[PDB]
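**Student:** no sequence for this one, just the structure:
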């Protein structure tokens, strides 16, 4: 159990803009991460959306929803409601995940929808102990929402 804060997470969206995946919890693996990289990168191109996935061992007593916002803002992807940007953070000691949308995804992915996706895919796996399966299908769920709506490479500004 190691406590993590926003500036304890490696700022991948400061350099790794083609990966977007961040495993600190040690729950994912190179294969799972690389397959997820292709998914996030596909969205990063097709829908132009900055979708970053992060996993942490523990946040301790830190507020999960506020945590995601703080991390997204410093990375830019959520800096006072960024257009096509979305953050995802998993916390092992809490067994919970939380999404963070800026403003450009409000016409696609509402917070409530993202909250439901947690119950639809993440929870059933976390109950079985499948953290990797929960994350992967949680990401795929968000992906398919966009993939089904934006039939063509769509750029906002």
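**Tutor:** Thanks, I have it. Numbers count the residues shown, from 1 in each chain.

**Student:** what about stretch 30-38, distance to the chain center?
**Tutor:** When distances are taken as Cα atoms, centre = their mean, to the nearest Å, stretch 30-38 is centred 14 Å away from the chain's centroid.

**Student:** What lies in contact with it?
**Tutor:** By Cβ atoms under 8 Å, 6 or more residues apart in numbering, the residues outside stretch 30-38 that reach it are 18-21, 23, 28, 53, 132, 135-136, 139. The C-beta positions use only the backbone N, C-alpha and C, and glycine is treated the same way.

**Student:** cool, and stretch 131-141?
**Tutor:** Contacts for stretch 131-141 (Cβ under 8 Å, 6+ apart): 25, 27-29, 32, 35-36, 39-40, 51, 53, 55, 88, 90, 92, 97, 117-118, 120-126.

**Student:** Now restrict the contacts of stretch 30-38 to buried residues only.
**Tutor:** 19-21, 23, 28, 53, 132, 135-136, 139 (16 or more other Cβ atoms under 10 Å).

**Student:** Which member of those is positioned nearest residue 82?
**Tutor:** residue 20 (13.9 Å; Cβ to Cβ).

**Student:** Tell me the spacing between that closest one and residue 61.
**Tutor:** Distance, residue 20 to residue 61, using Cβ to Cβ, to the nearest Å: 28 Å.

**Student:** Pull out the buried residues from the longest helix anywhere in the chain.
**Tutor:** The longest helix of the chain (DSSP state H) is helix 131-149. Within helix 131-149, the residues that count as buried by 16+ other Cβ under 10 Å are 131-143, 145-146.
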